[PDB]
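Here we start with a single chain on its own, the form deposited in one PDB entry, put down as structure tokens.
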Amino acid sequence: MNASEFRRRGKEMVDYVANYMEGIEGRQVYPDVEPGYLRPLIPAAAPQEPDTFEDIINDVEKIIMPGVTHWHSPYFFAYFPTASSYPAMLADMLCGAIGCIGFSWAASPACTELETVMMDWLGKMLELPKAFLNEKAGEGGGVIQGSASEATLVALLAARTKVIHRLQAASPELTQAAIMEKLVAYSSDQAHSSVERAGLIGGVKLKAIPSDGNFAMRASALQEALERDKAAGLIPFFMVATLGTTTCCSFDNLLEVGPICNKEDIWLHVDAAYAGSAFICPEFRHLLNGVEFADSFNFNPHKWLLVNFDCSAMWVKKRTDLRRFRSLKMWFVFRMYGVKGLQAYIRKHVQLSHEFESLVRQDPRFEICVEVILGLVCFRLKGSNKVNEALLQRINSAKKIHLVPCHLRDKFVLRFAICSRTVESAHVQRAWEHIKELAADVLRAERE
């Protein structure tokens, strides 16, 4: 295809995408296909001659869409939101023409330059401590990573390299491997699986810190674990504190664990992949207090700040401890929405979260398990885990809305996450009515 035909087909695809988005409430949010559905519907080999664009788009509607989970449907309340905004989409189109690979500054200067400025824009929007900013010859700075999982891995490897060099300087008699089997990393028992993944990749031990009644990491639990592990010969070197846990959106207490990590010379990485976006609002910035103690901080604009994946924003206090023109998406989103537009987006989602919480709190058959702070509500029917497993199965099997659960200690808990860019109060109210009706069916069945 040449540019003249792209002029036609590109505008046709713009209309197709806009049509899909405008009619997305008519789509069943979760598909009815079963594993392996697609292979019988597609030829076994690539075509030798070209297919037509019309044939391909027809296949998207007929055989791709039936297997799509519509993350941007207003009735998608699962996991955490995925960012999709038209400003980011417009930037991605330009990236296909002027993006490259960005491994060096000379690969394309604009790519590296814009990223440095955009991370300063975002760092100032979050009112981050100035030690994290690229700006005004600060020793710190930010980079865009592909994912929070990658950012956590990068922080662990930087911490691993630093502690090996430190221990070898103190005792030149030590090899890297002898240090390796004594290193231990820490995280909450509510930490995302990416922490364990990073520990396995890095080849170090990982231990979970028991959380308190609010599922937060506290000084007393951390000090108890350090006392045990240091006596056993382990060397704490890395810590992932989480602001906005994937299970219940709880917050580790940075004001308590930060000073401890600094004292112990433990690299403190703050994983705020979801919750970090809300810290651009002054009423939520207090949830980030204590980040001044962290050695690295990370959150995903590609969850809840409307910058289409991939865009994971990581700041490090000292850059010396440490691609797709992904900063173009950030630039577009920040400029076409403005800081106030992004703040209104965050606040609407949090308002809608409290609206669902209000409905659950009106039904004494249910209970709220964790304090509602951002766009997540953790709730369950009072009683057995099995009645709640039945409720979740009935919900996801009806495929009108989509939820995922979690385990809080031994308790099976349902999650309600505000996700879609276009979700409204009516969608939240309808979802609750659906959940309430199915709960009556499930409660009926348990007593009969």
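We number the residues from 1 along the sequence you see. We call the rigid core the largest set of C-alpha positions that still match within 1.5 Å between the two forms.
If you look for the form deposited in another entry, you will not find it shown, but the lines that follow are about it.
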Quiz prompt | Large Cα shift (2 Å or above) at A390 between this form and the one not shown, core-fitted | solution = no
Checklist entry - Does the distance between the two CA positions of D15 reach 2 Å or more between this form and the one not shown, the core being superposed? => result yes
Point to revise | Is_shifted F379 between this form and the one not shown (CA, 2 Å cut-off, rigid core) | key: no
Taking the shown form as reference, the Cα pair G341 and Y79 shifts by 3 Å or more in that other deposited form and sits closer
Cα of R421 vs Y79, shift of 3 Å or more in that other deposited form, relative to this form: the pair sits closer
